[PDB]
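All remarks here apply to the structure that follows.
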Amino acid sequence: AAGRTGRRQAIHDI
Amino acid sequence: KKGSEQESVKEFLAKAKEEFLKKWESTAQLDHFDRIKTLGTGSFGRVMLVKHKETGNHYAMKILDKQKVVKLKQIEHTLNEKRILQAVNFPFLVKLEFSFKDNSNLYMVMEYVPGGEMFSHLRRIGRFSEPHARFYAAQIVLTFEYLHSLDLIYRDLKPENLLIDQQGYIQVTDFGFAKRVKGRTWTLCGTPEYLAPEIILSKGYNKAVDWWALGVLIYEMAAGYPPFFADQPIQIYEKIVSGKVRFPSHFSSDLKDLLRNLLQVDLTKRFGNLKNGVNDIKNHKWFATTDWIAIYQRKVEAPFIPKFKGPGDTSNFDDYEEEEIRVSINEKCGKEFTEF
Ligand SMILES: CC(=O)c1cc(Cl)cc(CCl)c1O
């Protein structure tokens, strides 16, 4: 169940 | 009755498009503001609370370093954001008040929404109960109905981008990936956990990606974590494209049914993308208690009202490192940002 718990940055091109 | 309501929606969206178009085919400087505190950050700059010196009103100022907006898709998106925000008008969309640029930066000055990000409230409490999640989801549904009717795709739905206002209602921010798209578009962009499979698969895609992302958001609000959850983006992508979704045991059967129809890899089956459009979502049993007009009119009592200690209060935001704003004596990227 490990995943990203903090704020998530958007990706612009990849 | 439901038919009369649907005629009224058509009437409203017709007027909304006329008003949008008039603004779409159509204001300050930095020293007019005192900079108070950083409210959030990103790879191209920051959002600061500022105070307008003359009026004393507070605003959220997004500052983009023109240099850092380097890559081709990064500059086009910045133009989209400004032009779309100046033209839209909807109760759950943040209001742009000023935009301007200088030698080094681009600036977009929006109304300040002091209740904080849905993100931090959700992470602090763990999860929202289904009525609470439903209240927020209803506002997103209406906001995407509005946007999509204007041929606008939003493309970055997530709790980080949803601010809670003083009445407990949502304000959607960050239009950095929003775009006018009549049919398909092809940019690989958004946030990993919220991407539809067709984006990840380098397929041309349409507004149905926003309906997928609504399924991710509802799931995350009601579970406390999103449905495709892993430490690294490539692992997240693999889960999305498999499209296998498992649900917490506390999800109601009506919620799971709605989410299975939103988190649908087959575009010929995804709710929001069928013959009946948004009404497959609005008429779904999970929303049976939702009074769609009363939500729009803001007549429904919110599940949560943030506490506000006065104007300029930042207590509902996290703290960020502050870095002085430096403006160069040499104009940077003038030709690339002419239209801004
Ligand atoms: C309007 C507003 O308050 C605001 C706008 C944006 Cl784009 C970002 C933040 C921090 Cl997430 C804000 O607080």
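We name chains A, B, ... following the order of the structure tokens; residues begin at 1 in each chain, and ligands are numbered from 1 as shown.
Near chain B, counting only C-alpha atoms at 6 Å, the chain A residues are residues 2, 3, 4, 10, 11, 12, 13 and 14 of chain A.
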Could you write out that same residue set with N, CA, C and O atoms as a PDB file, in the first residue's frame?
```
ATOM      1  N   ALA A   2       2.155   1.160  -0.321  1.00  0.00           N
ATOM      2  CA  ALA A   2       3.039   2.323  -0.305  1.00  0.00           C
ATOM      3  C   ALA A   2       2.699   3.233  -1.485  1.00  0.00           C
ATOM      4  O   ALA A   2       2.617   2.771  -2.625  1.00  0.00           O
ATOM      5  N   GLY A   3       2.453   4.509  -1.207  1.00  0.00           N
ATOM      6  CA  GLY A   3       2.219   5.467  -2.281  1.00  0.00           C
ATOM      7  C   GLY A   3       2.578   6.872  -1.839  1.00  0.00           C
ATOM      8  O   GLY A   3       3.115   7.090  -0.748  1.00  0.00           O
ATOM      9  N   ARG A   4       2.286   7.844  -2.703  1.00  0.00           N
ATOM     10  CA  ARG A   4       2.751   9.208  -2.456  1.00  0.00           C
ATOM     11  C   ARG A   4       1.726   9.925  -1.609  1.00  0.00           C
ATOM     12  O   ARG A   4       0.576  10.052  -2.033  1.00  0.00           O
ATOM     13  N   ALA A  10       2.477  18.412 -10.993  1.00  0.00           N
ATOM     14  CA  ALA A  10       2.019  18.023 -12.303  1.00  0.00           C
ATOM     15  C   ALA A  10       3.216  17.838 -13.203  1.00  0.00           C
ATOM     16  O   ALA A  10       4.339  18.273 -12.891  1.00  0.00           O
ATOM     17  N   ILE A  11       3.010  17.093 -14.276  1.00  0.00           N
ATOM     18  CA  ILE A  11       4.064  16.857 -15.257  1.00  0.00           C
ATOM     19  C   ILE A  11       3.617  17.547 -16.540  1.00  0.00           C
ATOM     20  O   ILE A  11       2.445  17.516 -16.888  1.00  0.00           O
ATOM     21  N   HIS A  12       4.548  18.183 -17.222  1.00  0.00           N
ATOM     22  CA  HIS A  12       4.195  19.015 -18.372  1.00  0.00           C
ATOM     23  C   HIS A  12       4.408  18.334 -19.707  1.00  0.00           C
ATOM     24  O   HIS A  12       3.730  18.704 -20.669  1.00  0.00           O
ATOM     25  N   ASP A  13       5.330  17.349 -19.802  1.00  0.00           N
ATOM     26  CA  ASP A  13       5.662  16.784 -21.108  1.00  0.00           C
ATOM     27  C   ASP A  13       6.090  15.316 -21.072  1.00  0.00           C
ATOM     28  O   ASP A  13       6.512  14.795 -22.125  1.00  0.00           O
ATOM     29  N   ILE A  14       5.964  14.613 -19.946  1.00  0.00           N
ATOM     30  CA  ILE A  14       6.389  13.215 -19.922  1.00  0.00           C
ATOM     31  C   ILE A  14       5.802  12.453 -18.757  1.00  0.00           C
ATOM     32  O   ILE A  14       5.621  11.239 -18.850  1.00  0.00           O
TER      33      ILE A  14
END
```
* **Given 7 Å and only C-alpha atoms and all ligand atoms, residues near ligand 1 as a ChimeraX atom specification** => /B:39-40,47,60,62,94,110-114,116-117,160-161,163,173-174
* To do: May I have the residues within 12 Å of residue B:2 as a list in words, using only C-alpha atoms and disregarding those fewer than 6 positions away in the same chain?
  => residues 8, 9, 279, 282, 283, 291, 292 and 293 of chain B
Output file for the residues above (N, CA and C atoms, as a CSV table (one decimal), in the first residue's frame):
```csv
chain,number,residue,atom,x,y,z
B,8,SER,N,-33.8,24.1,-18.7
B,8,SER,CA,-33.2,25.3,-18.0
B,8,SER,C,-31.6,25.2,-18.0
B,9,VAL,N,-31.1,24.0,-17.9
B,9,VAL,CA,-29.6,23.9,-18.1
B,9,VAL,C,-29.2,24.4,-19.5
B,279,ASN,N,-25.5,13.9,-17.7
B,279,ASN,CA,-26.7,13.5,-17.0
B,279,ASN,C,-26.6,12.1,-16.5
B,282,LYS,N,-25.2,13.0,-13.1
B,282,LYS,CA,-26.1,13.7,-12.3
B,282,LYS,C,-27.3,12.9,-11.9
B,283,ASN,N,-27.7,11.9,-12.7
B,283,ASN,CA,-28.9,11.1,-12.4
B,283,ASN,C,-28.5,9.8,-11.8
B,291,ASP,N,-29.4,18.1,-4.7
B,291,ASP,CA,-30.2,19.2,-5.3
B,291,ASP,C,-29.3,20.0,-6.1
B,292,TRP,N,-29.2,19.7,-7.4
B,292,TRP,CA,-28.2,20.3,-8.2
B,292,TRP,C,-28.3,21.8,-8.3
B,293,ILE,N,-29.6,22.3,-8.4
B,293,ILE,CA,-29.8,23.8,-8.5
B,293,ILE,C,-29.4,24.4,-7.2
```
* Who sits within 12 Å of stretch 17-25 of chain B, only C-alpha atoms, same chain under 6 positions skipped, as an MDAnalysis selection string -> chainID B and resid 10:11 80 82:90 145:152 180
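Between atom CA of residue B:209 and atom CA of residue B:257 the separation is 18.5 Å.
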* Pick out the closest residue to residue B:175 from this set: B:108, B:240, B:137, B:259. Count only C-alpha atoms. =>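 Once distances to residue B:175 are computed over only C-alpha atoms, the minimum belongs to B:108.
Taking only C-alpha atoms into account, residue B:284 lies nearest to B:138 out of the set B:70, B:241, B:267, B:138.
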* Would you work out the distance separating atom CA of residue B:305 from atom CA of residue B:290, expressed in Å to one decimal? =>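 Interatomic distance, atom CA of residue B:305 to atom CA of residue B:290: 19.3 Å.
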* Can you list every residue in stretch 149-291 of chain B that DSSP puts in strand (DSSP E), as a count of residues only? -> 10
* Near stretch 100-103 of chain B, within 6 Å and counting only C-alpha atoms, which residues show up once chain neighbours fewer than 3 positions away are dropped, as an NGL selection string? -> :B and (106-107 or 328 or 331-332)
* **Computed interatomic separation between atom CA of residue B:184 and atom CA of residue B:212 (Å)** =>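 A separation of 15.6 Å between them.
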